[PDB]
Structure formats: structure tokens, C-alpha cells
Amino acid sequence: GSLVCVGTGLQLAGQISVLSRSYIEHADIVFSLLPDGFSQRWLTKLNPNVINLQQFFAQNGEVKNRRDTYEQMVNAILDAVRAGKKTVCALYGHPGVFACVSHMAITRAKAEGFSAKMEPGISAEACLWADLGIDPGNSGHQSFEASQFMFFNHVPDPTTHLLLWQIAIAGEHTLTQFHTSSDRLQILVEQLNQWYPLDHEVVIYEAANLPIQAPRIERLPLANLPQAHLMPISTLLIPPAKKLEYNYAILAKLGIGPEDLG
């Protein structure tokens, strides 16, 4: 048995890598986590032997910690590998970007003596740079999970493009609800106000999943975030609050100044 984890990207059918599609084609069995029924149908036509990982999230209002959902997904993947199957895990986006299940399954598979690897894919952030026409190198980039930004000590550089992922569950500490509350988002706004003014323009971004669909690019003042319509897939982009300033200390050690910059 063996494991390869691939990404399908965000867009239906066309955003998967040529090699990653060939892995899906030739797999004994595929474990899928895909955005919609169009994507599910496309996959099933590629390879009919598919187990849908969606079944492991809480059903019908059940209280279930997402840590247990993820453990159950990893165990299901590993059961196929342990049985001797040439196993592919086909996740949306990039299988290792804000996605624990593939990293955990590859760690466990290697520890049990099986061949396991991860093929990179096109993530929501890769779609954002393209859709917004932003280079993360322009003034640099920072990414945090929104709840981790609230629960632990993180300090953003306000010259950079800042991304808070999973903004829809920001401050949902139980890992048992699918969305947060407007009061939790108001506390996030107050926290961000240490670096960003309340009238600072921010962007709610959602990558499109269908070729006929435009991405969501909603611009609003930070103050208005707790009243905004958010979906599990939403990411909050916080553009720079300040322009780049000259690092005189280091320029002097280099024996140059601003006027010497090419």
C-alpha cells in the first residue's frame, strides 16, 4: 500500500496539475474532500472508487469536535493504505495549506513503514494574488488562522498584505460550530485596531469553484466586518496600513542610502 495526497485547486476540473490528475486516474481508491457536486461528479468520472471524507463532519446538528472529524478522516485513509491499496487523497486547493489531514496521514503512513508523499496544488491564497492582481512579494505577506490570531500571541507587520483564513469561525473555541458570532468578530475588530484604523478598507475574498462564477471580492471598512455575510470558505485580506520606510541602521552597515537603490 502507498499514499499520495493531491490538490484539485479551487476551480472545477481545470486547476488540478497534469501529474495530480494522472495520480487520481491510476489510484486503486480515492478519498475526496471537494467543494460541490459538480466537482464530485468530475472526480467519480475520473475514478469511480471514491470514499467521500465529507461524511466525517458533524451530521444533523450533532456536537462533534473537528479534531475527532480529522482523526476519523486520517484513520479511514490509513485503513486503505494498511490493506495494501494504492491510495490517493484528493483535497480541494493544496492538500497541505490550512489542511492538517494530509500532513497527519503522511506522518502516520511513514511511521508504519509505507511510502507516502504530498503533491502541491493551487490554494485559495494562490487564487487571491491572481484575482486581486497583488504580488505577495510587493511589500511581503503574512497568513494566520483567524482563531489562532485571537487565542495566541501573534503580531502582524502592517506594511505587509495580511490574510486571516477561516474568518467565518474566528473565535469559535469549541471546534463544534460551523460559524462564529458578530460579538466574536467585534472583539477581533478591537484586537486588529492595535495596528489598523476602524475605517481601514479590508477585503472579504472567496475563490470561485465554477468556471461561470466570479470570485467574491467585497471591500468594506474593518468596522463593518461583524455585520458582513461570511461563509466557511471566506478569507479576510487586510492590506497594508503603512508604506515601507527606509531601514537606516542596516543601510549604514551596507554603507549606502536610499539614493543608491537601483
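For every residue, the number given is its place in the sequence shown, counted from 1.
J.: Read off the CA B-factors in the entry, average them over 163 to 171 and over 107 to 115, and name the higher stretch.
T.: Between 163 to 171 and 107 to 115, it is 107 to 115.
J.: Out of 58 to 66 and 203 to 211, which stretch has the higher average CA B-factor listed in the record?
T.: Between 58 to 66 and 203 to 211, it is 58 to 66.
J.: Say you rank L10, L254, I24, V18 by Cα B-factor from the PDB entry; which sits at the top?
T.: The listed residue with the largest C-alpha B-factor is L254.
J.: Kindly indicate the residue among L198, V30, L236, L53 with the greatest C-alpha B-factor in the PDB record.
T.: That would be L198, according to the entry.
J.: What third of its chain, lowest, middle or highest, does the C-alpha temperature factor of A99 fall into?
T.: It belongs to the highest third of the chain when residues are ordered by C-alpha B-factor.
J.: When the modelled residues of the chain are sorted by Cα temperature factor, does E145 land in the lowest, middle or highest third?
T.: Its C-alpha B-factor belongs to the lowest third of this chain's values.
J.: Thinking about Cα B factors across the chain, which third does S182 belong to?
T.: It belongs to the highest third of the chain when residues are ordered by C-alpha B-factor.
J.: Looking at the C-alpha B-factor of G121, is it in the lowest, middle or highest third of its chain?
T.: Bottom third by C-alpha B-factor.
J.: Divide the modelled residues of the chain into thirds by Cα B-factor and specify which third, lowest, middle or highest, holds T176.
T.: Middle third, going by the recorded CA B-factors of the chain.
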